[PDB]
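Chains as they are written, first to last, in this note's numbering: chain A, 1 to 254; chain B, 1001 to 1255; chain C, 2001 to 2254; chain D, 3001 to 3255.
Positions of the beta carbon are idealized from the N, C-alpha and C atoms, including for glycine.
Here is the structure we will look at.
Protein chains: 4
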Amino acid sequence: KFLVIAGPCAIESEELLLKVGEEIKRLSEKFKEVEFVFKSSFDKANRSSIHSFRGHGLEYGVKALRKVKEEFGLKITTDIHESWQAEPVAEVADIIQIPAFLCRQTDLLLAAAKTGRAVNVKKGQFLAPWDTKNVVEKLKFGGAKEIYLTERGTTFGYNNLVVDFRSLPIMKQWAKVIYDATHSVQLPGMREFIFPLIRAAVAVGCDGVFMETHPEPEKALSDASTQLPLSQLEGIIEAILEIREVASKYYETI
Amino acid sequence: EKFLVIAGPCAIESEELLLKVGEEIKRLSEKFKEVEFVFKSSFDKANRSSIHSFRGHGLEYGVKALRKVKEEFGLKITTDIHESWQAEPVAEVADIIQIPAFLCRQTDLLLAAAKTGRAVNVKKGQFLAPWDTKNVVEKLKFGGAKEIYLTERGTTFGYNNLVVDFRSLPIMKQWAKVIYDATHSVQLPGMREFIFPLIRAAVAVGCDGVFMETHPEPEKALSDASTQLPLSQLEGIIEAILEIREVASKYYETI
Amino acid sequence: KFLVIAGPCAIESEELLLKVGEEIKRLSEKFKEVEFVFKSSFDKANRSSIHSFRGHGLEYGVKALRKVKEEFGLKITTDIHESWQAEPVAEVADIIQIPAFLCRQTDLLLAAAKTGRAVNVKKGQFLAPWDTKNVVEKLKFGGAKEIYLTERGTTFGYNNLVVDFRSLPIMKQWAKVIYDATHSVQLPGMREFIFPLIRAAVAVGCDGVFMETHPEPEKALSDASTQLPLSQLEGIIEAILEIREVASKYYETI
Amino acid sequence: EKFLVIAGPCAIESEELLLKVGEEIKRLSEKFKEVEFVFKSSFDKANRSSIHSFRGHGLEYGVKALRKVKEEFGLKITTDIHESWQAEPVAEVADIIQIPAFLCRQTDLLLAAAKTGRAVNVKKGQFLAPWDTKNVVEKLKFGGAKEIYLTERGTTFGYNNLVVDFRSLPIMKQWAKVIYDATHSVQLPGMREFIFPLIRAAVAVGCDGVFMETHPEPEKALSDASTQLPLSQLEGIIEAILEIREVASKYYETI
Ligand SMILES: O=P(O)(O)CN(CC(O)O)C[C@@H](O)[C@@H](O)[C@H](O)[C@H](O)COP(=O)(O)O
Ligand SMILES: O=P(O)(O)CN(CC(O)O)C[C@@H](O)[C@@H](O)[C@H](O)[C@H](O)COP(=O)(O)O
Ligand SMILES: O=P(O)(O)CN(CC(O)O)C[C@@H](O)[C@@H](O)[C@H](O)[C@H](O)COP(=O)(O)O
Ligand SMILES: O=P(O)(O)CN(CC(O)O)C[C@@H](O)[C@@H](O)[C@H](O)[C@H](O)COP(=O)(O)O
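Below, the structure is given as structure tokens:
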């Protein structure tokens, strides 16, 4: 079934996670043909500034995600930044996420694959679509069986990313493809382009969408510009399901 | 508003080729009554890479051929101009005058097209940012153009490659009707396998029309033989984009 | 010998041309091993805004350039925008310049080549280095014998140009190569990068440099940001001649 | 100031290979007394595209090999780290700790390197704008680094291609010493014919040093066999850049 990965960018507090998890739980009940995965980062390990918000740590984060899965029965996903984090994170995360800048770090990918969990690799802004074939191979070699590749934009000049939708059908040759609707419009972002491009993604054909959502984006401690207002999530999901229903008839074979 | 489908063979290989494609476009126009069809073909490929490549049979022959299509099928006509003097003679048959992508900044060419009283469609240069088309529209309005179109046809992405930044559709819609060129946006300065998926994206995002080069036998074309859509596939593609447009339409943002 | 093409961007008046021509004449006398070519456009035919300065026309322009060549004995170069302009311009211009956006317009190139004059094609911001081979072929087919290709930057994301210096040795395979030092840093520009990149061009190896210079750039009616202050021209020329003298020992064969 | 030349085989194929290159670098250091040489080699290629490609013989073996080079030739040493825990063991032999291009934004790795008290050289990510290296330097200073270098190694330009925007040299010089990577800046994500011309450009523009991978027999290298410079060509290249630097130096702008 179609995958919808959503949640607040960073674990600002398990308090915030529970509220978002409550809404995502409601949607999962409303859209039974959609597999929802709750997402949130326990650490923003690659912020540009040393003075920016990173988070409350791996322990506090895993703890919070635990509360979400136990209280709502929702699958979990979060990203790791160094090999040692794979095992402890795998205790809760159903899908281990590999950051875009780290999509070529062999040991990180192998550590994720060794946990037995599913692995979702964010395609680096420097990577060509066809070069993700080797990324998948590393994971398979490492024992991974459920593998995802996430489109999140490509470097286009300075401080700008472009989404080359040709990447969707290309990557589909070796893995399930997820479209990251929030970071793809981010400027190394205009919220005005989030919905339009999500529509494009489902019209082209993908296996799921990734969206950062927050009750009050403006008050968010991270991505206050691109995080989707929680209340708008239902409408966007219904919209992409309707577009997918009609467009899927034309999705090219493999 | 009626969706625009601009289609036809890339080059006017012969008046016969035109009538063959015109016949099919006329048939589709009868079926897809919610679509406004415009027959397109270039009387001259004035910017081919090689001096040895096919250019055409001249303006006189081309305009005469286009006039036959219009007379025989009652179809609207569009073709591109390359120098200012061509605007007047072309305006006699063309309902929409097309401005080539490399020439989207040539003031006199734009002015020449605008004073004819015909609609003008400017292909966005591969070097132009979406927001910089605002001045292109300003020039046309200044020159008398009342019906203006901007066509997305890809942007330079490294060497010999174009990428389609779909954010350009809503940006350009702020000042003109927007057309998506489904065949030139995938050509390597020609991966036909991406034509259909990208056109689906264009209509899902939202545009006012699509531009497609089509030929009875692409493999035998004298230009863009790798990107022209086989004529027999046109009907299916149009049906598909009309279906996607309809279901996505309620979500199109207001400019 | 090394080529130095310089002059004010636009023919603001033959008055301005004479002053610049006077300085360029002085430099040509000082640097005998350098072939100076006086440059100025009679029309800015591709301005972004319809309300921008274009010039005084082809007639007034050719007239002014005439005064420069007659009063200083300097070679002349200016750009054409439509085929009919080649003949009248060829009456004065020793080298006919083809604008970057028009480097693929077959008839414009043929019209220039038919005049018997030398032709300098500005490499389009959309063109790959190796694709200039066909540009040269068109000109040769048209009767041109003295052909130049000018590097002026390549599209890099939006509103930015990057200079890929690998283009110099690549283009040298089929034509003499000129480096445009003023437009290459322009943003579809920071004057701070003009000199540094000119140094790079001569260290890599080229057949000449193109520089827009004006007595009072700030008061210029065009490119008031990138036009080099007339008084700084001598210093830059001496600098590139010294760098060339030493670096030329290492220029790769053809 | 003394020009920095960082050179050595891309990967520590064997301690023997290291000593062979070390011998030549030591010889050149005796000739080019105005240059500060730093011997470089990676104990691990932690980001190869294929799982089947050569990675190395482990940190322990690599550090031991590098230590032999330092002991035998008295050469400064630099190698790259991939995870925070490697900073400490590496700092025991490395005078300069290198941060890989893809990892230039990984805060903990940068902090781990900075607290060792060693110099730190960060390869500018192919995704990073020149002005965004200012925060990279800030992180290192925050972490205790007193000697910081930024290395230009190209920027993503379309797919499988890198371009060197030389404007980055003067921009980055505003906050750190700048090094130009002559071998990785031309590799297609490997046109050896552009290595020399681009290094000439770097020194003419002005930088504080150059980085060059060199191997006795590049064709037999286990990594970057297409971009590593034959060791016999190193002397000539260094002489050439010293000559160009000298003549261009009086024109270097003040930051
Ligand atoms: O690795 P990616 O950038 O795709 C992933 N994501 C996580 C996710 O998928 O939610 C991490 C991003 O939040 C992170 O890279 C940010 O974009 C980065 O911190 C940029 O922030 P800034 O420091 O303010 O410039
Ligand atoms: O100006 P554009 O390139 O968008 C327009 N079109 C016309 C159209 O819209 O059908 C002209 C193209 O046919 C033309 O530029 C070709 O793509 C170009 O000649 C490519 O052919 P080639 O010489 O083989 O490199
Ligand atoms: O064709 P090119 O752009 O290289 C040439 N040059 C002439 C020259 O070589 O001096 C023309 C330029 O002056 C012209 O294209 C300008 O860069 C263009 O007018 C940009 O100006 P603007 O309208 O202010 O955005
Ligand atoms: O981090 P960077 O890529 O600049 C650094 N360097 C180290 C150095 O400076 O010698 C690592 C490179 O060797 C490494 O990224 C290679 O270029 C990369 O593994 C290319 O090899 P391949 O697996 O065949 O695609």
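Cβ of residue i within 8 Å of any chain C Cβ
i               : result
residue 2975(D) : The structure shown has nothing for residue 2975(D), since chain D only spans 3001 to 3255.
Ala3201(D)      : yes
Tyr3251(D)      : yes
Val3247(D)      : yes
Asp1181(B)      : no
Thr1116(B)      : no
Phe1073(B)      : no
Local conformation of residue i per DSSP, three classes
i               : result
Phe53(A)        : coil
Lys2122(C)      : strand
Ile178(A)       : strand
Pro3170(D)      : helix
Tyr158(A)       : coil
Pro1130(B)      : helix
residue 2979(D) : This structure cannot settle anything about residue 2979(D), because the visible part of chain D is limited to 3001 through 3255.
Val1186(B)      : coil
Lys1040(B)      : strand
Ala1007(B)      : strand
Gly1062(B)      : helix
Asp1108(B)      : helix
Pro1100(B)      : coil
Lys2067(C)      : helix
Best match in the options for proximity to residue i [C-alpha to C-alpha]
i          : options                                        : result
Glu1036(B) : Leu1111(B), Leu1028(B), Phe1166(B)             : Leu1028(B)
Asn3121(D) : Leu3162(D), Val3069(D), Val3136(D), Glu3083(D) : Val3136(D)
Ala203(A)  : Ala239(A), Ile80(A), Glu234(A), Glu29(A)       : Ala239(A)
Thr2226(C) : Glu2234(C), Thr2213(C), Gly2235(C)             : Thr2213(C)
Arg199(A)  : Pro229(A), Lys219(A), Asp164(A), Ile236(A)     : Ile236(A)
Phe53(A)   : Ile3081(D), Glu3024(D), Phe3032(D), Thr3107(D) : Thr3107(D)
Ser3249(D) : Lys3220(D), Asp3208(D), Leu3229(D), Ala3225(D) : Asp3208(D)
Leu74(A)   : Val4(A), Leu221(A), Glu146(A)                  : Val4(A)
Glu3138(D) : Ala3119(D), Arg3118(D), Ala3176(D)             : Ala3176(D)
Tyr1180(B) : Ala1202(B), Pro1100(B), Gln1126(B)             : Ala1202(B)
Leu2228(C) : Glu2014(C), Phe2195(C), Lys2019(C), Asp2079(C) : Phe2195(C)
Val3090(D) : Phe3102(D), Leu3109(D), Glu3152(D), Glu3072(D) : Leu3109(D)
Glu234(A)  : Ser13(A), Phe31(A), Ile11(A)                   : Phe31(A)
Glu59(A)   : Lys123(A), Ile80(A), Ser48(A), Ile50(A)        : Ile80(A)
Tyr1149(B) : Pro1216(B), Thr1078(B), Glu1083(B), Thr1183(B) : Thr1078(B)
Neighbour flag for residue i against chain B, beta carbons, 8 Å
i          : result
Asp164(A)  : yes
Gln2186(C) : no
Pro196(A)  : yes
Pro169(A)  : yes
Min CB distance residue i to chain D below 8 Å
i              : result
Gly2205(C)     : yes
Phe101(A)      : yes
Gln97(A)       : no
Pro2008(C)     : no
residue 327(A) : The structure shown does not extend to residue 327(A), since chain A spans only 1 to 254, so no value can be given for it.
Residue i at chain A interface by Cβ criterion, 8 Å
i          : result
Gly2189(C) : no
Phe2156(C) : yes
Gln3174(D) : no
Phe1194(B) : yes
Note to self: To be precise: take each residue of the segment 32 to 62 of chain A, compare its Cβ to all Cβ atoms of chain D, and keep it if any distance is under 8 Å. Which residues remain?
What the structure shows: So the list reads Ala45, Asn46, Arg47, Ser48, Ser49, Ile50, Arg54, given in the order they occur along the chain.
Check: Got a sec: which bits of the segment 117 to 137 of chain A sit with their beta carbon under 9 Å from any beta carbon on chain D, in order along the chain?
Finding: Listed by position along the chain: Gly124, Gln125, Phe126, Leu127, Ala128, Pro129, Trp130, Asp131, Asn134, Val135, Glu137.
Notebook entry, point to check: Can you list, in chain order, the residues of the segment 75 to 94 of chain A whose Cβ is nearer than 9 Å to any Cβ on chain D?
Noted result: Correct list: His81, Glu82, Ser83, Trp84.
Note to self: Give me the subset of the segment 2218 to 2245 of chain C whose CB atoms are less than 8 Å from a CB atom of chain D, sorted by chain position.
What the structure shows: Identification of residues in the segment 2218 to 2245 of chain C having a C-beta nearer than 8 Å to some C-beta of chain D yields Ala2239, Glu2242, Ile2243, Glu2245, given in sequence order.
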